[PDB]
Amino acid sequence: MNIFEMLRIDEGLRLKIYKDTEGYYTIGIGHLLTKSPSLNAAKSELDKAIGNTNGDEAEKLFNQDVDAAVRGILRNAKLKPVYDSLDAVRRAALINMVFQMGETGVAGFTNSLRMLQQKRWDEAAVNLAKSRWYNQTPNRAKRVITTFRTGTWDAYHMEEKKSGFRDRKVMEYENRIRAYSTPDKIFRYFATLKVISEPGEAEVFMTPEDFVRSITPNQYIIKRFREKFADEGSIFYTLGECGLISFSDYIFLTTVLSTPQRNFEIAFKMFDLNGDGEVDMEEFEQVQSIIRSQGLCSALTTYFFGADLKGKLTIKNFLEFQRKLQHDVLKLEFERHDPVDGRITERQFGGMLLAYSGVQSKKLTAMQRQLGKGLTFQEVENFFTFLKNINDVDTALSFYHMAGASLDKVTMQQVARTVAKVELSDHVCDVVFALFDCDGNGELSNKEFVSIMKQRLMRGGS
Amino acid sequence: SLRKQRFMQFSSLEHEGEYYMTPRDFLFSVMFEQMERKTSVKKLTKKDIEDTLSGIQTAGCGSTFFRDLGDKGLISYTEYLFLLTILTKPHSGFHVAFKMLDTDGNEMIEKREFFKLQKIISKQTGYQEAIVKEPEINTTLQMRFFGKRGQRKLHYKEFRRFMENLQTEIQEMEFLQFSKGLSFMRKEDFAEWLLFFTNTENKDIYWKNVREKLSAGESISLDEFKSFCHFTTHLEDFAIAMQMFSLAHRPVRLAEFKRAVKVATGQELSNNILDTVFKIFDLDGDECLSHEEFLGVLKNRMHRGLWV
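Note on numbering: every chain is counted from 1 along its sequence as written, possibly out of step with the entry's scheme, and residues lacking coordinates are dropped from view. Each chain takes a letter, starting from A, and each ligand takes a number, starting from 1, following the order in which they are written. Hydrogens and water molecules were not included; the side-chain quantities draw on all heavy atoms of the structure.

**A few points about empty space enclosed by the protein**
Residues and elements named next belong to chain B.
Right, so step 1: As a volume, the largest cavity reaches approximately 160 Å³.
Right, so step 2: Here a cavity denotes grid points, spaced 1 Å and computed from the protein atoms alone, that fit a 1.4 Å probe unable to get out, and a pocket denotes an open set having protein on both sides within 12 Å along at least 5 of 7 lines; residues with an atom within 4 Å of a point are the lining. Taken together, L87, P90, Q167, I170, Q171, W193, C229, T232, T233, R301, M302 and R304 make up the full set of residues lining the largest cavity.
Right, so step 3: The way it works is that DSSP assigns letters per residue, a run of H or I at least four long becomes a helix, a run of E at least two long becomes a strand, and they are numbered from the N terminus. Going through the elements one at a time, α9 (156–178), α12 (222–233) and α16 (291–303) are the ones with two or more residues in the lining of the largest cavity.
Right, so step 4: Under the convention adopted here, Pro, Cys and the residues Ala, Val, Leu, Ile, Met, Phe, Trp and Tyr are nonpolar, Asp, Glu, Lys and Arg are charged, and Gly plus all remaining residues are polar. Here the residues of the lining of the largest cavity sort into six nonpolar, four polar and two charged.
Right, so step 5: The split of the chain into domains comes from an automatic or database domain assignment. The residues that make up the lining of the largest cavity include at least three from each of domain 1 (2–168) and domain 2 (179–303). Grid points are joined across faces, edges and corners, and a volume is the space filled by probe spheres set on the points.

Structure below.
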């Protein structure tokens, strides 16, 4: 652990040329070639201090940069007094800030900087956390500010943790918890909260982030005696209880998450008094129990059926419950990744598609070949809106196959337009095709792709 | 493949070692598994082609298109398969298939993409006498769809109107075959229809109920009958609503059956059909219908004995 490893975690290490946040060209560990606009000057500039390849151990660049950063710190009348007074580690944090914005920007934190010189660690950390700097990159800033406040690398040891065999073993054990244990054993395993109303007693609760962890393949921390565990417009507040998920609600949500809506319509219209689709409190219980085969909490039951518990649920209203709940769960599952400016890695989106197909690393093995550019939430949710119609989409794909048309990107994008009434962005197709062609031609293994997508869609199996 | 045995069982013409069907053939092969007097194959004359053009211009374009043609017509083996699929699974999303060979996105196809359109829908005796191989003969469907010269185009609207009319023609035609010519099916005649392709292990109870337990009532009219047929096509939404009654450990009585129908098809059945279906398939007499068995007979009748 040192500045190299620190600044390798905050600024990722990139082998090929790119542009940092502002316009300028950059390669390496945050190493700016030149501010010119031409890529060609960058390559030719890059080679003037490397000697003609746009490529790993040629990380002397980070080493010369730090030396220039230290040096620029030291001829600077505002950065130098502070740096000289800091120990080996806090110096690394300040070099880190200089890396991120250069000495002129750093040197503009004149009170925090002045605090670090008077060794007021907690003050400078409270004050620094208040700034745009932190607002723009809050995770980097918290590590830097910890490293300022405590004098230790503890902020980074936690993230330095990438060994695959010990960690896989717990992935594998946990996957079996989800797939084979009872709901009571699953709920108790992943729930993190406890609520103590002495009137009555202690009951375990789940935060939304716990709940999505329950159901997505691939431990008590807090007690509650009006907190908010869920985003401003979140289906979970209908459950009451601050956005927490009780056990009864865990049963209910996992049922309605992975049932196709046609089945709920047919279920509603069957047990409905008049078969039009409007089901009362009691008739609702047999519906959701019947659906389970193929004790709802008092907050929800009033939300649907009114506080007298005598209202009725419209298949139209409930169907929007389901549609809304499916959204927020997809949101939560999207953010369980690395949402850098609201885009996850290409390699991780691939991990959403195969999260329910078990030992399918073999497919992803050849997927990292091609790869860059993140994928927005809207890109993803559109694919997951595409999967809603997968039985209709599998029909179309087989036809285009027998008629001899190839199953390349235009076909898939056309099929998603025609039968799924949604537009699949270009990039998510490249990701989807790199994973499932499996042979290198831009042609999908349609029968195989439809098999894994049938398990993603319903979080089930085969 | 039983369909090649059906085609060959009823085909009445040979041309170039390739066998053909006439609309009269095609009808008989849809409602019968074998006929008492086999047909006479004759070598395809040159009058027939002259006649295949005549019948197109004088034949009902409605739900009598095949009865009017009759022996004036031609249906290749590839066409026959295509027509059978329309009648045994009318819901193979022909729309999306029609829309993939869509030309210029106007939802219509040209004669060239015809052979493909039959091929993608209908696919997934007489080895070489029956195969996908391309033809040089102008068949009745091709003349009607895209014109004699082939220069017309086929809009999906016309093609949906053609599948519906084809279904309607078999229903109208089977009505009279099984009603013995009278204008009202008997409850007993409806049963003979329903159980024509049923050869499973419980046919002794079904048929015993027909004879003993179901011989008096208000007779079944054509539109009462068609409405049952149009129900049998929607049976999978029915099958689901039935399963949910089992998982509810609920016996399916009449009032339940009436409900499963309105959800599956949006329409309700005559009282005399409901009564017939129950009297046949209420094996125990507990006024509770054996839906799993009633559902098996429906599949026999929908599949028309070709294993569809």
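**Some thoughts on the domain arrangement of chain B**
Residue and element names in this part refer to chain B.
Right, so step 1: Partitioning chain B into domains gives domain 1 (2–168) and domain 2 (179–303).
Right, so step 2: Put simply, the middle of domain 1 and the middle of domain 2, counted by C-alpha atoms, are 31 Å apart.
Right, so step 3: We call two residues in contact whenever any of their non-hydrogen atoms come within 4.5 Å of each other. Every contact between the two is made by nine residues of domain 1 and, on the other side, six residues of domain 2.
Right, so step 4: For the pair domain 1 and domain 2, the summed buried surface comes to about 610 Å²; carbon and sulfur atoms form 56% of the total.
Right, so step 5: Here the buried area means the combined drop in accessible surface, using a 1.4 Å probe, for two parts upon being joined, counting both sides. For domain 1, the biggest contributors to the area lost against domain 2 are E33, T88 and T168; these three give 49% of the whole.
Right, so step 6: The term salt bridge refers to a side-chain nitrogen of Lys or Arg lying within 4 Å of a carboxyl oxygen of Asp or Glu. Scanning the region where domain 1 abuts domain 2 turns up zero salt bridges.
Right, so step 7: Any pair of N or O atoms that falls within 3.5 Å is considered a polar contact. Within protein, one atom must be able to donate a hydrogen and the other to accept it, and sequence-neighbouring residues count only if both atoms are side-chain atoms. Inspection of the domain 1/domain 2 interface yields zero residue pairs in polar contact.
Right, so step 8: For the side of domain 1 that touches domain 2, the secondary structure elements donating two or more residues are α2 (23–31) and α5 (77–88).

**With respect to the sheet that holds strand β3 (residues 31–32) of chain A**
Residue and element names in this part refer to chain A.
Right, so step 1: Strand order across the open sheet formed by three strands is β1-β2-β3, with antiparallel pairing between neighbours. Bordering the open sheet on either side are β1 (13–19) and β3, each of which pairs with just one other strand.
Right, so step 2: Strand pairing is defined by DSSP finding a minimum of two bridges between the two strands. In this structure, β1 lies alongside strand β2 (residues 25–29), joined through four bridges in antiparallel fashion. Residue pairing for β2: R14 is matched across the bridge by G28.

**Overview of the UniProt feature "binding site: Ca(2+) 1" in chain A**
Right, so step 1: UniProt's entry tags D272, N274, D276, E278 and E283 of chain A with the feature "binding site: Ca(2+) 1", counted in the numbering of this structure.
Right, so step 2: Of note, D272 of chain A is situated in the loop between α15 (261–271) and β7 (278–280).
Right, so step 3: By relative accessible area, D272 of chain A is classed as buried at 2%.
Right, so step 4: Excluding residues that lie within four positions of it along the chain, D272 of chain A makes contacts with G277, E278 and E283 of chain A together with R259 of chain B.
Right, so step 5: In this structure the side chain of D272 of chain A is engaged in a polar contact, spanning 2.5 Å, whose partner is the backbone nitrogen of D276 of chain A.
Right, so step 6: Along the polypeptide, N274 of chain A turns up in the loop between α15 and β7.
Right, so step 7: Its relative accessible area of 61% is what places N274 of chain A among the exposed residues. UniProt positions are given in the numbering used here, feature names are shortened, and annotations may be inferred rather than shown by experiment. Classification of residues uses two cut-offs on accessible area relative to the type maximum, computed with a 1.4 Å probe and protein chains only: under 20% is buried, over 50% is exposed, and between them is partly exposed.

**What to know about a negative patch on the surface**
Right, so step 1: Two distance rules govern patches: like charges are joined within 9 Å, and nonpolar side chains (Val, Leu, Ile, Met, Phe, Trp, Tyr) within 5 Å, applied only to residues with over 30% relative accessible area and no salt bridge. Note on areas: Shrake-Rupley, 1.4 Å probe, and residue coverage restricted to the protein chains presented here. Residues scored as charged are limited to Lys and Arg (positive) and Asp and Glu (negative), so that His and the chain ends carry no count. A charged residue contributes its charge at one atom only: NZ of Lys, CZ of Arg, CG of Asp or CD of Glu. Residues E209, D231, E232 and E335 of chain A make up a contiguous surface patch of negative charge.
Right, so step 2: Residue classification places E209 of chain A among the partly exposed residues on the basis of a relative accessible area of 36%.

**Some points on the nonpolar core**
Right, so step 1: We call a set of buried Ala, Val, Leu, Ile, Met, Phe, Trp, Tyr and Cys residues a nonpolar core when their side-chain atoms join them within 4.5 Å. One finds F383, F386 and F449 of chain A together with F159 of chain B to be the most contacted residues of the largest nonpolar core, which totals 95 residues.
Right, so step 2: Ignoring sequence-local partners within four residues, the contact set of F386 of chain A consists of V393, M412, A416, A420, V422, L424 and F449 of chain A.
Right, so step 3: One finds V204, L257 and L332 of chain A together with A248 of chain B within the second-largest nonpolar core, a separate group that totals 91 residues.

**Quick notes on unusual backbone geometry**
Right, so step 1: Of note, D341 of chain A is a non-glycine position whose phi angle comes to about 55°, a positive value.
Right, so step 2: Its location among the elements puts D341 of chain A in the loop between α18 (315–335) and β9 (343–344).
Right, so step 3: With a phi close to 60°, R304 of chain B is a non-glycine residue in the positive phi region.
Right, so step 4: For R304 of chain B, the location among the structural elements is in the segment after α16.

**A look at the sheet that holds strand β2 (residues 18–20) of chain B**
Residues and elements named next belong to chain B.
Right, so step 1: Pairing is mixed in the open sheet, where three strands are placed in the order β2-β1-β3. One side of each edge strand has no neighbouring strand; the edge strands of this open sheet are β2 and β3 (42–43).
Right, so step 2: Here strand β1 (residues 13–15) runs beside β2; their pairing, made up of three bridges, is antiparallel. When the bridges of β2 are listed, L13 appears paired with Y20.

**Things to note about the pattern of salt bridges**
Right, so step 1: In the structure shown here, the tally under the stated rule is 35 salt bridges over all chains.
Right, so step 2: Notably, a salt bridge pairs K208 of chain B with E212 of chain B, separated by 3.8 Å at the nearest N-O pair.
Right, so step 3: Overlapping salt bridges bring together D10, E11, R140, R143 and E159 of chain A as one network.

**Remarks on the UniProt feature "binding site: Ca(2+) 2" in chain B**
Residues and elements named next belong to chain B.
Right, so step 1: Those residues carrying the UniProt feature "binding site: Ca(2+) 2" are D282, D284, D286, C288 and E293 in this numbering.
Right, so step 2: Within the element layout of this structure, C288 appears in the loop between α15 (271–281) and α16.
Right, so step 3: For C288, a relative accessible area of 12% gives the class buried.
Right, so step 4: What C288 contacts, discounting residues up to four positions off in sequence, is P251, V252, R253, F281 and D282.
Right, so step 5: Summarising the element assignment, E293 is placed in helix α16.
Right, so step 6: Classification of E293 as partly exposed rests on a relative accessible area of 26%.
Right, so step 7: Setting aside chain neighbours within four positions, we find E293 in contact with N202, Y206, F281 and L283.

**Some thoughts on α9 of chain B**
Right, so step 1: One less than the residue count of a helix, multiplied by 1.5 Å, gives the span that helix is expected to have. Between its first and last C-alpha atoms α9 of chain B spans 33 Å; for 23 residues at 1.5 Å apiece the expected length is 33 Å, and the two agree.
Right, so step 2: The positive-phi residue at the C-terminal boundary of α9 of chain B is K180 of chain B, with phi of around 60°.

**Here we look at the UniProt feature "binding site: Ca(2+) 1" in chain B**
Residues and elements named next belong to chain B.
Right, so step 1: UniProt records the feature "binding site: Ca(2+) 1" at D102, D104, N106, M108, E110 and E113, using the numbering of this structure.
Right, so step 2: Relative accessible area serves as the criterion here: at 38%, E110 is assigned to the partly exposed category.
Right, so step 3: Among all residues touching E110, those that are not within four sequence positions of it are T103 and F146.
Right, so step 4: Considering the arrangement of structural elements, one finds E113 in the loop between β4 (108–110) and α7 (114–122).
Right, so step 5: The exposure class of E113 is buried, given its relative accessible area of 17%.

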